[PDB]
Amino acid sequence: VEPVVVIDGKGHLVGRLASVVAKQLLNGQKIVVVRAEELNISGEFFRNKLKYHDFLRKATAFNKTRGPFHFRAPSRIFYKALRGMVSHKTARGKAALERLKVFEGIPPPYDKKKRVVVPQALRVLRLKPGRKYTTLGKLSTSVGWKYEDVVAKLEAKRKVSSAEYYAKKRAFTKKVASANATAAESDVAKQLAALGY
Amino acid sequence: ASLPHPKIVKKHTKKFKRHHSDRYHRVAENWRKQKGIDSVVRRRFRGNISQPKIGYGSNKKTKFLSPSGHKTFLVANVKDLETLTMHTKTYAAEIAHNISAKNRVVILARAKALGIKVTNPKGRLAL
Amino acid sequence: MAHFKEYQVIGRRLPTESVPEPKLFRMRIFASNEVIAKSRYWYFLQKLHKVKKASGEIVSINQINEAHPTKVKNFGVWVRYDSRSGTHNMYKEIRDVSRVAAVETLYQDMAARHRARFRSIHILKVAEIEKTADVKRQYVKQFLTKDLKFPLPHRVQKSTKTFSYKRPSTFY
Amino acid sequence: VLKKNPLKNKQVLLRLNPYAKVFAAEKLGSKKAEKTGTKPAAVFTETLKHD
Amino acid sequence: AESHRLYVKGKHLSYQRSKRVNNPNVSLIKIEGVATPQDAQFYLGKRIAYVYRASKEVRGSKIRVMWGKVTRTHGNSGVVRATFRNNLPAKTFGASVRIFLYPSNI
Amino acid sequence: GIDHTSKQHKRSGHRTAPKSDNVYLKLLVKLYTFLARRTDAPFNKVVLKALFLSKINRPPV
Amino acid sequence: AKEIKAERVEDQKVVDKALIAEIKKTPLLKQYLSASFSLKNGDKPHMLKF
RNA sequence: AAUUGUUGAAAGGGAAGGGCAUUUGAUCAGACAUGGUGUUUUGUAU
RNA sequence: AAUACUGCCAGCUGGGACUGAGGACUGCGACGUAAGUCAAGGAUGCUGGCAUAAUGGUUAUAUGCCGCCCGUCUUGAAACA
RNA sequence: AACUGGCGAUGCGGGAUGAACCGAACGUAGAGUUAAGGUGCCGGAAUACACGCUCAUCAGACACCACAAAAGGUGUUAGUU
RNA sequence: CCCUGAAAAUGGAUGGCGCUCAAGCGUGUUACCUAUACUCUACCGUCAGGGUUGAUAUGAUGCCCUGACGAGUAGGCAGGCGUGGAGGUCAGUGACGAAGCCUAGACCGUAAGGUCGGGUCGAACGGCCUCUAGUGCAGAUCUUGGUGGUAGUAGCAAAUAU
RNA sequence: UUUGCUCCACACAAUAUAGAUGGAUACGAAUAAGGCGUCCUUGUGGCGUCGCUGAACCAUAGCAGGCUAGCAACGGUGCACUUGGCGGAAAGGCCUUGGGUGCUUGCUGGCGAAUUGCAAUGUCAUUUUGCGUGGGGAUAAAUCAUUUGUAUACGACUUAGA
């Protein structure tokens, strides 16, 4: 329904988000994944760290420079997770991975555009309450991502920049809803409502 | 034109080229069955060339028929073309390659006189 | 095959000139249809009496429907099974609405807990608990409390589209 | 030349089975039944409902 | 108006395929917001046009088109099998075909 | 697939026409084929089948 | 390489005369007919009915 | 012919080549444009 | 008493897809008092555009999937035979 | 070594892969329905439904098959006396 | 069920990614996906059973009807294509161009192959019926000849020296 | 280097398409909780409401969108201008003063539409150059060759030279 969608990565499980995103990428959809810091992996944090180290110590023996490039940024973690879910080697897979753009935090111009969430990939709707979870923000800092603090400050600034945006949007929405009430209970709206709206 | 005929369909238009005929130059394009004990072309593996079979045999009612709906006929002399006087709807004339230019003009003149379509009328045109 | 029906299967030895009219045994079988009813009848009858389907005959197969199929009632199900390293018997309380649903839930829960398939479960007896104050399982006595009340926190709503524009809540 | 299917194509369904027209006219496949006030034995229903 | 779409869009998903064999003769189309087979039953028989742009004018238009029809539903997700006079180029996996409302039924 | 109860495409194992090239024998067969086709008498059905026999199977009488 | 008949036009006139006269009574229908039809987004023709 | 040059065409992210199908480009034959339900031969076969 | 379940209809009907095989008639049958008509031993009717590179063919390329290097010896070959 | 079925001599769908296993054996095409196997994505197919069990600081994931035992655990869920 | 027991050497394998009221385990309900399988149809081939001659069909190993089948190495048989040469015929073709050769140009045949168009060339060569054989090549560390990559590379550095 | 280069305008052609055909419509945090509105003895507050899907909200009528007239009014919405700003995470976009201008379907009129003939996407987008029409803007470097050695097999590196 949408030309390009911006997926908020907050509160999503890595695998269940990545699967639906990989399907939508192949179907010809354009998706930009933001807030990859808060992307969640189900289960114990230390277990996830050990799993990552299992992967991490696994490199081309004769020349480490060409082995599996163990990316540390949360965006590249999620993007590697989405690879493998896409036949990346072929040209169609290459096109899909071109149609994918993963971003730490919310860079412009996706900062001023509507973000979307995948309801059935969510931690809230997929993890039974009580089962603890692992978040890429701390996992990546534990594995080598050396930019959490600056990402933290940039998001601190983006929260206030968007907070004033909503502060004025709420006021305008309130005044337009109040004007809707003012112009309501007239014939044009009264019989429109019974007409269906 | 010819008599009405069923719709033409080859059922295999692509030629059946011999295996490895491009990988090697000595292997001619003419089809030869791969008769080896290892050969995946003989064992009919998926994703390999399909050998000619009788199942590809064209419809009998449309065999030897050109798209124009005629059976070809090598005509060499005018007397040969006099054979197809009343069978213009079945056999189409065709000048043999070794017919000289001066002898092709007379044959095409008799061809239009007899009303037989010729499938190489622009051959060895004298100009 | 878990969608069940109770059938009463009545059957007997082949009548003979020496002894006619055999005793005409009968039992209540939980089965997906009449064919599995016949099969389970002969199985549970071989394990009881010297008779085989070749040497016997089935006189009737009547579906049994509940007297109050929409009334909650507690069931004590004596059930035996064959575990990996021997057999067992036990007695499971179930709180369902019909004997059919009780045995359905029972096979499903036995396969879930003790990993016992149908081929290794024999329902000895499903007796409706006539009154309370005798069920010995806390997981049923907790639903026999007065003013049985409990909420349902964290409702998950199934979605229709891959994309939702509201960050769904979960109140309920 | 071509195997037309009965059970449809009423023309063939009448070429075979001439009784088909009477069957369709008098609805022999959808025949109403009578009513009988027969009650099963109390002993038999007690056997069914017991235990 | 500013919207002249008289068709419903559709993503040409892929060829009718097995795990490792595809049949180019049959394509698989997905309609937006159609996710159930009874809903996609309406779209059967509808015409599908794959409208693509050619590098050159051929018969008075730079815009070429491959025609097809919706054959049958596919899966439980409202995906529909489609068939064209000439099969889709296998490069258009994820391209926008147009499903018109004719032949109309309602 | 089909369980071939017996060998498939098993030819009759009999002669349909003489293997010989004799035009007059072919004419006799052309005639008795017409007779065996158009007469109930089995005498034609047997003389026709005997006209195909080889030299060893047609001993002098 | 490459006007309308003077007989079609008067039949058109006399027929849409009656159609217009019929249509004037019911509200909004004439400009409803003038408006073209199109498919918006967020529309589902498989359940939309006309 | 192998092989080579020049020119022209195209393709080339650790091969090339092949099959199925289509796109795209290049190129290629066919129709039906039939003595034709006839319609005055300009001192009667267009 | 219904309704659910199972089953039946030589019940009706809506929509979709692929195929049109053969080429005088015969036959079987249905409806019509009959004449004849017909969904009855296989597609006809109307209409439209184009009449050519439009369809199609070949070839090159791209794409989706598949595709191991042939001959032989061998129970077994893509083989590091 | 015995009975049978297969591979050899055999492709095809599934077992990621494989001569033997499961399904099923093959003229060329079309349409439908399926088998084995599956239905998050790669990947065609329900992130379908239902009941439970399990949290592993080396989970488990499907026959042939590609690994695991004795013993032990107020870890937890059922149960018997 | 899980945990301990549970340690092998390149990095790495439920196939991978990932998966935690699972995308795990046990179990069940349906729906759905797809084999060259099954059903129907068309076509090809083989086989089998048949139809076809009182002035009617090119005059019959022919035409047609019906039905079923079609995997396959070793191997068997049948029908054909092609090369060299012989007998016959087409009163065949040809210096206005035979043969030969090239042709991501065309047609026919399932195929072996045939035919046609274009370019070179310059003197013989075809179809059919039959006969005959030194008759068909991708292999034989095959023979002879030629030509490549390697490769403008190794090398042309003993003997003092221009 | 046939007045070169580049940018703003317009045109013309190609080639170019991983795929426009109303609007990416912007809080954050939690989910055993939240959003909104009011209120107050401003706080982790009171009250009320909402959710249970985006199936929403906006927009959406007109020769593919003409011509024209009026009515109610000070709105909406392009187009540019301009006031100011704010935005560096890949800012390149958002807000806003004001006036001009086009449209206005908010309401009522009138005229036109045809023959593309019963469908043939019936073309309308976004990229990149290249010849051009006319305005602005500026008027170099690098490589070889020579040479130094902080360098070096050759390249490279580091130099120097009007």
# chains A, B, ... in the order shown; residues from 1 in each chain; ligands from 1
>>> residues_around(residues="range 66-73 of chain J", least_positions_apart="4", cutoff="12 Å", atoms="only C-alpha atoms (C1' of nucleotides)", output="ChimeraX atom specification")
/K:2-6
>>> residues_around(residues="range 60-76 of chain E", least_positions_apart="2", cutoff="7 Å", atoms="only C-alpha atoms (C1' of nucleotides)", output="VMD selection string")
(chain E and resid 36 to 37 40 to 41 43 to 58 78 to 86) or (chain I and resid 16 to 17) or (chain J and resid 45 to 46) or (chain K and resid 32) or (chain L and resid 121 123)
>>> select_by_dssp(residues="chain G", states="helix (DSSP H, G or I)", output="ChimeraX atom specification")
/G:8-23,29-34
>>> write_last_selection(atoms="N, CA and C atoms", output="mmCIF file, in the first residue's frame")
data_model
loop_
_atom_site.group_PDB
_atom_site.id
_atom_site.type_symbol
_atom_site.label_atom_id
_atom_site.label_comp_id
_atom_site.auth_asym_id
_atom_site.auth_seq_id
_atom_site.Cartn_x
_atom_site.Cartn_y
_atom_site.Cartn_z
ATOM 1 N N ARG G 8 -27.397 10.857 -36.347
ATOM 2 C CA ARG G 8 -27.173 10.346 -35.000
ATOM 3 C C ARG G 8 -27.520 11.395 -33.949
ATOM 4 N N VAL G 9 -27.239 12.663 -34.253
ATOM 5 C CA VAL G 9 -27.233 13.704 -33.232
ATOM 6 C C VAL G 9 -28.638 13.974 -32.712
ATOM 7 N N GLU G 10 -29.632 14.039 -33.604
ATOM 8 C CA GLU G 10 -30.975 14.352 -33.123
ATOM 9 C C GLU G 10 -31.563 13.202 -32.323
ATOM 10 N N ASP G 11 -31.241 11.959 -32.682
ATOM 11 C CA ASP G 11 -31.657 10.841 -31.845
ATOM 12 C C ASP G 11 -31.014 10.925 -30.471
ATOM 13 N N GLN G 12 -29.724 11.272 -30.424
ATOM 14 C CA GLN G 12 -29.087 11.503 -29.133
ATOM 15 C C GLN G 12 -29.819 12.579 -28.350
ATOM 16 N N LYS G 13 -30.181 13.668 -29.025
ATOM 17 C CA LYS G 13 -30.853 14.775 -28.359
ATOM 18 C C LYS G 13 -32.196 14.344 -27.798
ATOM 19 N N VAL G 14 -32.985 13.625 -28.590
ATOM 20 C CA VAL G 14 -34.332 13.305 -28.146
ATOM 21 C C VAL G 14 -34.311 12.224 -27.079
ATOM 22 N N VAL G 15 -33.262 11.402 -27.035
ATOM 23 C CA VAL G 15 -33.201 10.356 -26.019
ATOM 24 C C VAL G 15 -32.665 10.901 -24.701
ATOM 25 N N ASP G 16 -31.565 11.663 -24.743
ATOM 26 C CA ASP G 16 -31.066 12.220 -23.489
ATOM 27 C C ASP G 16 -31.978 13.326 -22.975
ATOM 28 N N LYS G 17 -32.845 13.888 -23.826
ATOM 29 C CA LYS G 17 -33.907 14.746 -23.321
ATOM 30 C C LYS G 17 -34.764 14.010 -22.300
ATOM 31 N N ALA G 18 -35.279 12.839 -22.680
ATOM 32 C CA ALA G 18 -36.092 12.052 -21.760
ATOM 33 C C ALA G 18 -35.278 11.600 -20.556
ATOM 34 N N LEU G 19 -34.035 11.169 -20.788
ATOM 35 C CA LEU G 19 -33.203 10.733 -19.669
ATOM 36 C C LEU G 19 -32.957 11.869 -18.683
ATOM 37 N N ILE G 20 -32.659 13.068 -19.188
ATOM 38 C CA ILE G 20 -32.434 14.224 -18.329
ATOM 39 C C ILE G 20 -33.700 14.567 -17.563
ATOM 40 N N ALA G 21 -34.841 14.572 -18.254
ATOM 41 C CA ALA G 21 -36.093 14.898 -17.587
ATOM 42 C C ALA G 21 -36.366 13.921 -16.455
ATOM 43 N N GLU G 22 -36.091 12.638 -16.683
ATOM 44 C CA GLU G 22 -36.246 11.657 -15.617
ATOM 45 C C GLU G 22 -35.259 11.910 -14.484
ATOM 46 N N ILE G 23 -34.021 12.271 -14.821
ATOM 47 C CA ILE G 23 -32.958 12.318 -13.823
ATOM 48 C C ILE G 23 -32.982 13.587 -12.983
ATOM 49 N N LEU G 29 -27.877 13.047 -8.880
ATOM 50 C CA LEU G 29 -27.593 11.963 -9.812
ATOM 51 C C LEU G 29 -26.961 12.470 -11.103
ATOM 52 N N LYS G 30 -27.357 13.654 -11.569
ATOM 53 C CA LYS G 30 -26.825 14.151 -12.834
ATOM 54 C C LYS G 30 -25.328 14.406 -12.733
ATOM 55 N N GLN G 31 -24.904 15.138 -11.710
ATOM 56 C CA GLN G 31 -23.471 15.313 -11.538
ATOM 57 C C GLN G 31 -22.784 14.040 -11.072
ATOM 58 N N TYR G 32 -23.524 13.096 -10.488
ATOM 59 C CA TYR G 32 -22.946 11.779 -10.257
ATOM 60 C C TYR G 32 -22.588 11.106 -11.568
ATOM 61 N N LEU G 33 -23.460 11.228 -12.562
ATOM 62 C CA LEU G 33 -23.170 10.661 -13.870
ATOM 63 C C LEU G 33 -22.068 11.433 -14.566
ATOM 64 N N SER G 34 -21.970 12.732 -14.300
ATOM 65 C CA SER G 34 -20.897 13.512 -14.907
ATOM 66 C C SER G 34 -19.543 13.102 -14.355
#
>>> residues_around(residues="range 25-40 of chain I", least_positions_apart="2", cutoff="8 Å", atoms="only C-alpha atoms (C1' of nucleotides)", output="JSON, numbers by chain")
{"D": [9, 11, 12, 14, 15]}
>>> atom_distance(atom1="CA of residue 34 in chain C", atom2="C1' of residue 36 in chain J")
28.8 Å
>>> interface_residues(of="chain I", to="chain D", cutoff="6 Å", atoms="only C-alpha atoms (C1' of nucleotides)", output="PDB file with N, CA and C atoms (P, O5', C5', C4', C3', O3' and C1' of nucleotides), in the first residue's frame")
ATOM      1  P     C I   9     -26.581 -39.203  -5.278  1.00  0.00           P
ATOM      2  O5'   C I   9     -27.836 -38.315  -5.665  1.00  0.00           O
ATOM      3  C5'   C I   9     -29.047 -38.933  -6.057  1.00  0.00           C
ATOM      4  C4'   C I   9     -30.119 -37.915  -6.306  1.00  0.00           C
ATOM      5  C3'   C I   9     -29.714 -36.723  -7.143  1.00  0.00           C
ATOM      6  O3'   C I   9     -29.644 -37.003  -8.527  1.00  0.00           O
ATOM      7  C1'   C I   9     -30.927 -35.978  -5.280  1.00  0.00           C
ATOM      8  P     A I  10     -28.332 -36.584  -9.352  1.00  0.00           P
ATOM      9  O5'   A I  10     -28.820 -36.562 -10.864  1.00  0.00           O
ATOM     10  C5'   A I  10     -29.915 -35.757 -11.256  1.00  0.00           C
ATOM     11  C4'   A I  10     -30.821 -36.498 -12.199  1.00  0.00           C
ATOM     12  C3'   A I  10     -32.180 -36.891 -11.650  1.00  0.00           C
ATOM     13  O3'   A I  10     -33.124 -35.842 -11.708  1.00  0.00           O
ATOM     14  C1'   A I  10     -31.195 -38.758 -12.672  1.00  0.00           C
ATOM     15  P     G I  29     -32.666 -45.073 -29.594  1.00  0.00           P
ATOM     16  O5'   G I  29     -32.928 -43.664 -28.909  1.00  0.00           O
ATOM     17  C5'   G I  29     -32.663 -43.496 -27.530  1.00  0.00           C
ATOM     18  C4'   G I  29     -32.375 -42.063 -27.160  1.00  0.00           C
ATOM     19  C3'   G I  29     -33.554 -41.117 -27.146  1.00  0.00           C
ATOM     20  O3'   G I  29     -34.362 -41.284 -26.000  1.00  0.00           O
ATOM     21  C1'   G I  29     -31.670 -40.055 -28.113  1.00  0.00           C
ATOM     22  P     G I  41     -23.484 -37.153 -29.179  1.00  0.00           P
ATOM     23  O5'   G I  41     -23.740 -37.442 -30.719  1.00  0.00           O
ATOM     24  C5'   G I  41     -22.764 -37.100 -31.687  1.00  0.00           C
ATOM     25  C4'   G I  41     -21.692 -38.154 -31.785  1.00  0.00           C
ATOM     26  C3'   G I  41     -20.692 -37.987 -32.913  1.00  0.00           C
ATOM     27  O3'   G I  41     -19.682 -37.045 -32.615  1.00  0.00           O
ATOM     28  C1'   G I  41     -21.410 -40.237 -32.804  1.00  0.00           C
ATOM     29  P     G I  42     -19.452 -35.783 -33.573  1.00  0.00           P
ATOM     30  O5'   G I  42     -18.637 -34.764 -32.666  1.00  0.00           O
ATOM     31  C5'   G I  42     -19.024 -34.538 -31.318  1.00  0.00           C
ATOM     32  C4'   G I  42     -18.058 -33.637 -30.592  1.00  0.00           C
ATOM     33  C3'   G I  42     -17.721 -32.329 -31.297  1.00  0.00           C
ATOM     34  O3'   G I  42     -17.536 -31.312 -30.320  1.00  0.00           O
ATOM     35  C1'   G I  42     -15.746 -33.536 -30.909  1.00  0.00           C
TER      36        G I  42
END
>>> residues_around(residues="residue 57 in chain J", least_positions_apart="4", cutoff="12 Å", atoms="only C-alpha atoms (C1' of nucleotides)", output="VMD selection string")
chain A and resid 44 to 51
>>> write_last_selection(atoms="C-alpha atoms", output="mmCIF file, in the first residue's frame")
data_model
loop_
_atom_site.group_PDB
_atom_site.id
_atom_site.type_symbol
_atom_site.label_atom_id
_atom_site.label_comp_id
_atom_site.auth_asym_id
_atom_site.auth_seq_id
_atom_site.Cartn_x
_atom_site.Cartn_y
_atom_site.Cartn_z
ATOM 1 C CA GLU A 44 19.439 -14.629 27.846
ATOM 2 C CA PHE A 45 21.869 -11.812 27.184
ATOM 3 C CA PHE A 46 24.904 -13.855 28.158
ATOM 4 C CA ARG A 47 23.723 -16.754 26.016
ATOM 5 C CA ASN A 48 23.379 -14.395 23.062
ATOM 6 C CA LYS A 49 26.871 -13.059 23.716
ATOM 7 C CA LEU A 50 28.250 -16.605 23.744
ATOM 8 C CA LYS A 51 26.433 -17.401 20.499
#
>>> interface_residues(of="chain B", to="chain H", cutoff="12 Å", atoms="only C-alpha atoms (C1' of nucleotides)", output="PyMOL selection string")
chain B and resi 1-2+14+16-26+28+41+44-51+66-70+113-115+119-120
>>> write_last_selection(atoms="N, CA and C atoms", output="CSV table (one decimal), in the first residue's frame")
chain,number,residue,atom,x,y,z
B,1,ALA,N,-3.3,-20.0,-53.0
B,1,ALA,CA,-2.9,-20.6,-51.7
B,1,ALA,C,-3.2,-22.1,-51.8
B,2,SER,N,-2.9,-22.8,-50.7
B,2,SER,CA,-3.1,-24.3,-50.6
B,2,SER,C,-4.6,-24.6,-50.2
B,14,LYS,N,13.2,-25.9,-31.6
B,14,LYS,CA,14.6,-25.8,-31.4
B,14,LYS,C,15.3,-27.0,-32.0
B,16,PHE,N,18.0,-30.0,-32.4
B,16,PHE,CA,18.6,-31.0,-31.4
B,16,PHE,C,20.1,-31.1,-31.7
B,17,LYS,N,20.8,-30.2,-31.1
B,17,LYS,CA,22.3,-30.2,-31.4
B,17,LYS,C,23.0,-31.2,-30.5
B,18,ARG,N,24.1,-31.7,-31.0
B,18,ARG,CA,24.8,-32.7,-30.3
B,18,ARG,C,25.4,-32.2,-29.0
B,19,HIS,N,25.6,-33.0,-28.1
B,19,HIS,CA,26.2,-32.7,-26.8
B,19,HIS,C,27.7,-32.3,-27.0
B,20,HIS,N,28.1,-31.2,-26.2
B,20,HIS,CA,29.5,-30.7,-26.3
B,20,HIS,C,29.9,-30.2,-27.6
B,21,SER,N,28.9,-29.9,-28.5
B,21,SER,CA,29.2,-29.4,-29.8
B,21,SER,C,29.7,-28.0,-29.8
B,22,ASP,N,29.5,-27.3,-28.8
B,22,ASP,CA,30.1,-25.9,-28.6
B,22,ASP,C,31.4,-25.9,-27.8
B,23,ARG,N,31.4,-26.8,-26.8
B,23,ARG,CA,32.7,-26.9,-26.0
B,23,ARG,C,33.8,-27.4,-26.8
B,24,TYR,N,33.5,-28.2,-27.8
B,24,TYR,CA,34.6,-28.6,-28.8
B,24,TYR,C,34.2,-28.2,-30.2
B,25,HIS,N,35.2,-27.9,-30.9
B,25,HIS,CA,35.0,-27.6,-32.3
B,25,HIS,C,35.0,-28.8,-33.2
B,26,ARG,N,35.7,-29.9,-32.8
B,26,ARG,CA,35.7,-31.1,-33.6
B,26,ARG,C,34.3,-31.8,-33.6
B,28,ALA,N,30.8,-32.0,-34.3
B,28,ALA,CA,29.9,-31.3,-35.2
B,28,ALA,C,28.5,-31.2,-34.6
B,41,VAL,N,23.5,-36.9,-20.5
B,41,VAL,CA,22.5,-36.6,-21.5
B,41,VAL,C,21.8,-37.9,-21.9
B,44,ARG,N,19.4,-38.7,-19.0
B,44,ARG,CA,18.3,-37.9,-19.1
B,44,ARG,C,18.1,-37.0,-17.8
B,45,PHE,N,19.3,-36.6,-17.3
B,45,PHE,CA,19.2,-35.8,-16.1
B,45,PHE,C,18.5,-34.5,-16.3
B,46,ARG,N,17.7,-34.0,-15.3
B,46,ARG,CA,17.1,-32.8,-15.4
B,46,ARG,C,18.1,-31.7,-15.6
B,47,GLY,N,17.7,-30.7,-16.4
B,47,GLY,CA,18.6,-29.6,-16.7
B,47,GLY,C,19.6,-29.8,-17.8
B,48,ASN,N,19.5,-30.9,-18.5
B,48,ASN,CA,20.3,-31.2,-19.7
B,48,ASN,C,19.5,-31.2,-21.0
B,49,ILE,N,20.2,-31.3,-22.1
B,49,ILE,CA,19.5,-31.3,-23.4
B,49,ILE,C,18.6,-32.5,-23.5
B,50,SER,N,17.5,-32.4,-24.2
B,50,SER,CA,16.6,-33.5,-24.4
B,50,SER,C,16.9,-34.1,-25.8
B,51,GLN,N,17.2,-35.4,-25.8
B,51,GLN,CA,17.5,-36.1,-27.1
B,51,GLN,C,16.2,-36.2,-27.9
B,66,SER,N,5.2,-26.7,-45.5
B,66,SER,CA,5.8,-25.4,-45.2
B,66,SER,C,4.7,-24.5,-44.5
B,67,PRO,N,5.1,-23.5,-43.8
B,67,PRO,CA,4.2,-22.6,-43.2
B,67,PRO,C,3.1,-22.1,-44.2
B,68,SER,N,3.4,-22.0,-45.5
B,68,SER,CA,2.4,-21.6,-46.5
B,68,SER,C,1.5,-22.8,-46.8
B,69,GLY,N,1.7,-24.0,-46.2
B,69,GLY,CA,0.8,-25.1,-46.4
B,69,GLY,C,1.1,-25.9,-47.6
B,70,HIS,N,2.2,-25.9,-48.2
B,70,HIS,CA,2.6,-26.7,-49.4
B,70,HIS,C,3.7,-27.6,-49.1
B,113,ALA,N,2.5,-19.1,-65.6
B,113,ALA,CA,1.5,-19.5,-66.6
B,113,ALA,C,0.6,-20.6,-66.0
B,114,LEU,N,1.2,-21.6,-65.3
B,114,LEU,CA,0.5,-22.7,-64.7
B,114,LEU,C,-0.1,-22.4,-63.4
B,115,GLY,N,0.2,-21.3,-62.8
B,115,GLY,CA,-0.3,-20.9,-61.5
B,115,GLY,C,0.2,-21.8,-60.4
B,119,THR,N,8.8,-21.0,-54.4
B,119,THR,CA,9.3,-20.6,-53.1
B,119,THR,C,10.7,-20.0,-53.2
B,120,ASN,N,11.4,-20.0,-54.3
B,120,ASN,CA,12.6,-19.3,-54.5
B,120,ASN,C,12.5,-18.5,-55.8
>>> select_by_dssp(residues="range 64-174 of chain A", states="strand (DSSP E or B)", output="number ranges by chain")
A: 100-102, 115-117, 122, 133-135
>>> interface_residues(of="chain I", to="chain B", cutoff="10 Å", atoms="only C-alpha atoms (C1' of nucleotides)", output="list in words")
residues 57, 58, 65, 66, 67, 69, 70, 71, 72 and 77 of chain I
>>> closest_atom_pairs(of="chain C", to="chain L", cutoff="12 Å", atoms="only C-alpha atoms (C1' of nucleotides)", output="CSV")
residue,atom,partner,partner_atom,distance
C:151,CA,L:32,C1',10.6
C:152,CA,L:32,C1',9.9
C:153,CA,L:32,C1',6.6
C:154,CA,L:31,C1',7.3
C:155,CA,L:52,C1',9.5
C:156,CA,L:52,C1',10.3
C:157,CA,L:52,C1',8.2
C:158,CA,L:53,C1',9.4
C:159,CA,L:53,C1',7.5
C:160,CA,L:53,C1',8.2
C:161,CA,L:54,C1',8.7
C:162,CA,L:54,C1',11.0
C:163,CA,L:54,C1',8.7
C:164,CA,L:54,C1',7.1
C:165,CA,L:54,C1',6.9
C:166,CA,L:53,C1',8.5
C:167,CA,L:31,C1',10.1
C:168,CA,L:53,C1',8.4
C:169,CA,L:31,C1',6.1
C:170,CA,L:31,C1',5.8
C:171,CA,L:33,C1',6.6
C:172,CA,L:52,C1',8.2
>>> interface_residues(of="chain H", to="chain E", cutoff="8 Å", atoms="only C-alpha atoms (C1' of nucleotides)", output="NGL selection string")
:H and (20-23)
